[PDB]
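Accompanying notes for the structure given below.
Naming: A, B, ... by sequence-line order, numbering from 1 per chain. In what follows, every heavy atom counts, from backbone to side chain, and hydrogens, waters and symmetry copies are set aside. As the structure lists them, so they are numbered: ligands from 1, and atoms in each ligand from 1.
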Amino acid sequence: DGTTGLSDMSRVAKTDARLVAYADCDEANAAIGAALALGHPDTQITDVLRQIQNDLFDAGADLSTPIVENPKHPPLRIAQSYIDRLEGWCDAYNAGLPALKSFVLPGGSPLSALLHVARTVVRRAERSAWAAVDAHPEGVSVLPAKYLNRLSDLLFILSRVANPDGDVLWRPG
Amino acid sequence: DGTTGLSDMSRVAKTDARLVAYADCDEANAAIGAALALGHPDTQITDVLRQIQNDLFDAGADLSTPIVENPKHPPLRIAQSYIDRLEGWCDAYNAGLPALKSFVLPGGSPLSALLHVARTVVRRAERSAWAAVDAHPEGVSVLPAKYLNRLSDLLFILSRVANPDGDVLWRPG
Amino acid sequence: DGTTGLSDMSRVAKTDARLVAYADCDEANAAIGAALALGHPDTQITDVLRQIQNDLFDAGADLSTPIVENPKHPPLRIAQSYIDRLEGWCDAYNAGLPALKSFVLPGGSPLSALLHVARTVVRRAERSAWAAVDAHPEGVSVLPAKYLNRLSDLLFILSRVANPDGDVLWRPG
Ligand code: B12
Ligand code: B12
Ligand code: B12
Ligand SMILES: C[C@H]1O[C@@H](n2cnc3c(N)ncnc32)[C@H](O)[C@@H]1O
Ligand SMILES: C[C@H]1O[C@@H](n2cnc3c(N)ncnc32)[C@H](O)[C@@H]1O
Ligand SMILES: C[C@H]1O[C@@H](n2cnc3c(N)ncnc32)[C@H](O)[C@@H]1O
Ligand SMILES: [Mg+2]
Ligand SMILES: [Mg+2]
Ligand SMILES: [Mg+2]
């Protein structure tokens, strides 16, 4: 006990950096599910987020599958197209937003507040994904971490779109 | 400052593995409290979850109390009966559920979404509980970690029971 | 990739203890935003929490700014006045509360449940803040960690104020 398996049945510590990486993707997936279930976004944002939840499972499958020279069967890996899709969504959803000069106090709607929670969890997942690469520079792909990086940018953008209180700004004083 | 006490007044780093373990049990307890307060489960599931919250405090008391040869007064420890009770709940609640072939996108009801959040926090708590044992193989009991392990199985089962959207499945594509 | 910048443009690992500290302040800020957006506290508690969200950004700016002998421009730092303000709020809000003899099961209202979630995240942020100091005893200030320490005391107090189920107590049995 205290051990479990990767996608290739390889035994691993429940403390393992790869497992912590795709476990945090799970936590991020749940956080996005909470934003959907309690924030009730419009149908278009709902479809975007549901697609991200699908992507996050693709990222966890990538992280749970060691990189090998020639595998038994082709592995599921994140690709740059995943990230370019997030970039496209960022541009579209950020186009109507006014310019931001300072930090925003997270909150507002249930949807915007929960998108902020998901943002911070996703960024925690990203930190874990980079720690997985640091531990296995040759065995772990960096695209999962790069996908999580841009996802937090998108979640921040969507949190602003969804906020009816507008941008409540941080006054350093 | 930066130090605190275990159950025996022993001084400990606020970074300590045992403290991180029972602190994550606290976070898991709060997550379950959110599922209750926002998901409004039926009275039967409410009683199950409230009992788990009670168990989690028993687990934290176990984790905060070093194992010693003969203690001043008898310690509160998790027992196999705690875990067998969770196993019994898993079987009962999983009996009516259809067979699952793939991963589920967390979400659906407020209750099912928040049970997914609690699931991922509990699994984070489990990882912390195993790290506590690794650091003190002789001083920390493994039953807290084993209880958290099966609790995440139950929370997954309950999340399916509570979901009115059924199982929204991950399409790897 | 896998690197980012502190407030002084210094390059840093996305695993860095200082970054993990002010990232957890962000997560705590979001958690408080969720309590506001879903718990709908009265106007007075709303103003207290919004002020704390402002303080947390001040703490993150402190943590992201290395301590130096004579800086280019004066840094934003947490002060004892921040903490004394939290102490004042604790006393006021705890005055009407009955004496507590045991642990409370987190939950109750949406507000009180989410204040418990925020409490546990803030305590996680505190642990991270102390780890930042341990890593840079001379470069990181301890007042951010001390502010987070007392904030968790206040959030516990407010969670009791907000709970309509009163104190649901842990029975170790
Ligand atoms: C990595 C991993 C995860 C990671 C990341 C997964 C991801 N993002 O892709 C995380 C931590 C998120 C995870 C979570 C869970 N997992 Co998991 N996981 C694994 C693992 C190791 C690899 C999965 C994978 O990525 N395969 C790669 C993809 C491409 O394979 P695939 O073509 O989709 O085929 C998979 C599915 O059909 C899946 N599957 C088949 N039947 C079932 C039934 C259920 C309920 C689930 C969830 C999956 C499942 O298993 C196949 C092989 O992986 C497998 C064991 C293994 N060695 O394969 C366990 C495994 C799939 N996990 C399992 C379980 C139980 C779960 C959890 C319910 C644990 C929990 N209580 O929280 C959750 C469910 C989360 C959710 N939303 O559905 C079980 C499912 C079997 C069962 N009926 O008990 C497995 C088989 C391990 C085990 N034997 O206990 N897991
Ligand atoms: C481990 C520990 C926890 C851990 C795990 C606890 C668990 N799962 O059992 C965690 C991190 C979850 C925790 C949380 C908190 N704790 Co604590 N904790 C401790 C500790 C170290 C041991 C508790 C224990 O498990 N005892 C074993 C069981 C079997 O003992 P028991 O028979 O139940 O007797 C206990 C209770 O009566 C309890 N108690 C007595 N009066 C009060 C009043 C309050 C408000 C609470 C919460 C408890 C409490 O203290 C007795 C001795 O432990 C004690 C200090 C110590 N050395 O005992 C502090 C202690 C109980 N904690 C304390 C506090 C303040 C809290 C928090 C409010 C901190 C916060 N701001 O979040 C939260 C409350 C969480 C909740 N839902 O109620 C205080 C309570 C005293 C007070 N009035 O200020 C103590 C005494 C430490 C201190 N002096 O500051 N804690
Ligand atoms: C530390 C830090 C944070 C930390 C802690 C911040 C804190 N608690 O104070 C955390 C992790 C919380 C954080 C979060 C984010 N940050 Co930040 N962060 C930094 C950083 C390194 C220092 C900020 C600071 O504390 N300055 C000290 C205070 C006193 O300075 P100030 O007088 O307030 O001046 C600042 C503001 O005007 C701010 N600013 C100016 N324009 C904009 C626009 C936006 C959208 C934001 C959020 C801030 C911002 O930048 C100035 C210089 O820091 C800067 C880069 C740098 N080297 O300065 C990036 C920076 C401010 N962050 C940035 C971003 C993108 C974000 C996030 C949106 C990331 C995300 N996707 O989650 C979130 C927003 C969180 C929120 N609620 O608003 C950007 C903003 C620029 C832009 N338009 O893209 C910067 C400039 C880095 C970058 N170039 O990518 N960050
Ligand atoms: C926006 C600012 O937040 C910090 N930063 C960058 N990436 C992350 C992450 N994944 N998690 C937390 N903080 C991060 C850096 O300091 C950056 O400059
Ligand atoms: C279900 C899959 O999730 C991983 N796994 C097992 N236990 C945990 C845990 N506590 N936290 C996160 N991931 C876990 C293993 O890879 C297992 O096979
Ligand atoms: C109240 C009890 O909780 C533990 N404790 C103290 N500070 C923290 C923290 N920031 N996070 C988690 N647990 C903590 C100590 O054991 C203390 O005695
Ligand atoms: Mg980034
Ligand atoms: Mg398990
Ligand atoms: Mg404290």
Side-chain angles (χ1 to χ4, degrees), chain A residues 4-9 19 22-23 25-26 29-30 56-65 75-76 99-106 116 119-120 122-123 152-157 159 170 172, chain B residues 4-9 19 22-23 25-26 29-30 56-65 75-76 99-106 116 119-120 122-123 152-157 159 170 172, chain C residues 4-9 19 22-23 25-26 29-30 56-65 75-76 99-106 116 119-120 122-123 152-157 170 172:
Chain A
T4 186
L6 293 178
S7 98
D8 65 352
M9 314 296 152
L19 179 142
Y22 61 62
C25 286
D26 192 19
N29 220 340
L56 284 174
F57 277 119
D58 289 349
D62 191 337
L63 292 161
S64 68
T65 304
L76 203 182
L100 241 184
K101 51 171 234 189
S102 182
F103 290 99
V104 282
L105 281 54
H116 271 287
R119 179 180 63 73
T120 59
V122 161
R123 292 161 75 72
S152 77
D153 290 319
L154 175 58
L155 291 175
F156 182 72
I157 291 161
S159 86
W170 169 50
Chain B
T4 186
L6 293 178
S7 98
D8 65 352
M9 314 296 152
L19 179 142
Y22 61 62
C25 286
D26 192 19
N29 220 340
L56 284 174
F57 277 119
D58 289 349
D62 191 337
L63 292 161
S64 68
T65 304
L76 203 182
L100 241 184
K101 51 171 234 189
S102 182
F103 290 99
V104 282
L105 281 54
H116 271 287
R119 179 180 63 73
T120 59
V122 161
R123 292 161 75 72
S152 77
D153 290 319
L154 175 58
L155 291 175
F156 182 72
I157 291 161
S159 86
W170 169 50
Chain C
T4 186
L6 293 178
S7 98
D8 65 352
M9 314 296 152
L19 179 142
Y22 61 62
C25 286
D26 192 19
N29 220 340
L56 284 174
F57 277 119
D58 289 349
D62 191 337
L63 292 161
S64 68
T65 304
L76 203 182
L100 241 184
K101 51 171 234 189
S102 182
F103 290 99
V104 282
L105 281 54
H116 271 287
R119 179 180 63 73
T120 59
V122 161
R123 292 161 75 72
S152 77
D153 290 319
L154 175 58
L155 291 175
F156 182 72
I157 291 161
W170 169 50

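- From the protein, the heavy atom lying nearest to atom 49 (C) of ligand 3 is A:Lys101 O, 3.7 Å.
- For atom 57 (N) of ligand 1, the nearest protein heavy atom lies closer than 4.0 Å.
- Shown here, atom 72 (O) of ligand 2 is in close reach of the protein: a heavy atom of it lies under 4.0 Å off.
- The distance criterion of under 3.5 Å between nitrogen or oxygen atoms is not met by A:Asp8 with respect to ligand 1.
- Of the protein's heavy atoms, at least one falls inside 4.0 Å of atom 8 (N) of ligand 3.
- Against a heavy-atom cut-off of under 4.0 Å, C:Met9 is close to the following atoms of ligand 3: 57 (N).
- The shortest N/O to N/O separation between B:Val104 and ligand 1 falls below 3.5 Å.
- Counting only heavy atoms, the protein gets under 4.0 Å from atom 1 (C) of ligand 1.
- Under the 4.0 angstrom criterion, atom 20 (C) of ligand 1 counts as lacking any protein heavy-atom contact.
- Applying the 4.0 Å criterion to heavy atoms of A:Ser64 picks out, from ligand 1, the atoms 1 (C), 25 (O).
- Protein heavy atoms are found inside the 4.0 Å sphere centred on atom 39 (N) of ligand 3.
- A:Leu76 CG to A:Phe57 CZ: the interatomic distance, rounded to the nearest 0.5 Å, is 12.5 Å.
- The protein heavy atom nearest to atom 10 (C) of ligand 2 is B:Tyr22 CD1, 4.2 Å.
- Of the candidates B:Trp170, A:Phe57, B:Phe103, B:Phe103 brings a heavy atom nearest to atom 13 (C) of ligand 1.
- Of the protein's heavy atoms, at least one falls inside 4.0 Å of atom 69 (C) of ligand 3.
- Rounding to the nearest 0.5 angstrom, the gap separating the CD1 atom in B:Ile157 from the OG atom in B:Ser159 is 9.0 Å.
- Atom numbering of ligand 3 starts at 1 in the shown order; those under 4.0 Å from a heavy atom of A:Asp153 are 71 (N).
- Atom 36 (C) of ligand 3 is flagged as protein-proximal [any protein heavy atom, distance under 4.0 Å].
- In this structure, the separation between CG on B:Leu19 and CG on B:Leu6 is 7.5 Å, given to the nearest 0.5 Å.
- No side-chain heavy atom of A:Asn29 sits less than 4.5 Å from a side-chain heavy atom of B:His116.
- Within 4.0 Å of atom 86 (C) of ligand 1, not a single protein heavy atom is present.
- Checking atom 15 (C) of ligand 3 against the protein gives a heavy-atom contact under 4.0 Å.
- By the definition of a contact as any protein heavy atom under 4.0 Å away, atom 80 (C) of ligand 3 is not in contact.
- Residue contact check: B:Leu6 has heavy atoms under 4.0 Å from atoms 21 (C), 57 (N) of ligand 2.
- Shown in contact with A:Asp26 at under 4.0 Å from a heavy atom are these atoms of ligand 1, numbered in order with element: 12 (C).
- The contact set between ligand 2 and C:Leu100, taken as ligand atoms under 4.0 Å from a residue heavy atom, comprises 41 (N), 42 (C), 43 (C), 45 (C).
- At a distance under 4.0 Å, no protein heavy atom can be found next to atom 32 (O) of ligand 3.
- Not a single protein heavy atom sits closer than 4.0 Å to atom 53 (O) of ligand 2.
- Per-atom contact check: atom 90 (O) of ligand 2 does not touch the protein, criterion being a heavy-atom distance below 4.0 Å.
- Nearest-heavy-atom check against atom 48 (C) of ligand 2 across B:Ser7, B:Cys25, B:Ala61, C:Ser102 picks out C:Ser102.
- For atom 65 (C) of ligand 1, the nearest protein heavy atom lies 4.0 Å or farther away.
- Protein heavy atoms are found less than 4.0 angstrom from atom 23 (C) of ligand 3.
- A heavy-atom separation below 4.0 Å is found between A:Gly5 and ligand 1.
- Regarding atom 74 (C) of ligand 3, its nearest protein heavy-atom neighbour is A:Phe156 CE1, 3.8 Å.
- Inclusion of C:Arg123 in the set of residues having an N or O under 3.5 Å from an N or O of ligand 2 is warranted.
- Counting only heavy atoms from C-beta outward, the side chains of C:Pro172 and B:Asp58 approach each other to under 4.5 Å.
- Scanning both residues, A:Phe156 and A:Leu100, for their nearest heavy atoms gives CZ-CD1, 3.8 Å.
- For ligand 2, none of its N or O atoms has an N or O atom of C:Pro106 under 3.5 Å away.
- Protein non-hydrogen atoms do reach within 4.0 Å of atom 77 (N) of ligand 1.
- The nearest protein heavy atom to atom 61 (C) of ligand 2 is closer than 4.0 Å.
- Contact of the B:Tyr22 side chain with the B:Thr65 side chain is not registered, since no non-hydrogen atoms from C-beta on lie closer than 4.5 Å.
- What you find for B:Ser152 and B:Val122 is that their closest heavy atoms are N-CG1, 3.9 Å.
- Atom 26 (N) of ligand 2 is not flagged as protein-proximal [any protein heavy atom, distance under 4.0 Å].
- Ligand-side atoms of ligand 3 in range of A:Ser152: 71 (N), range being under 4.0 angstrom from any heavy atom.
- Of the protein's heavy atoms, at least one falls inside 4.0 Å of atom 43 (C) of ligand 2.
- Contact annotation: for C:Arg119 versus ligand 2, heavy atoms closer than 4.0 Å belong to the side chain alone.
- Atom CZ of A:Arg123 sits about 10.5 Å away from atom CG of A:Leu155, to the nearest 0.5 Å.
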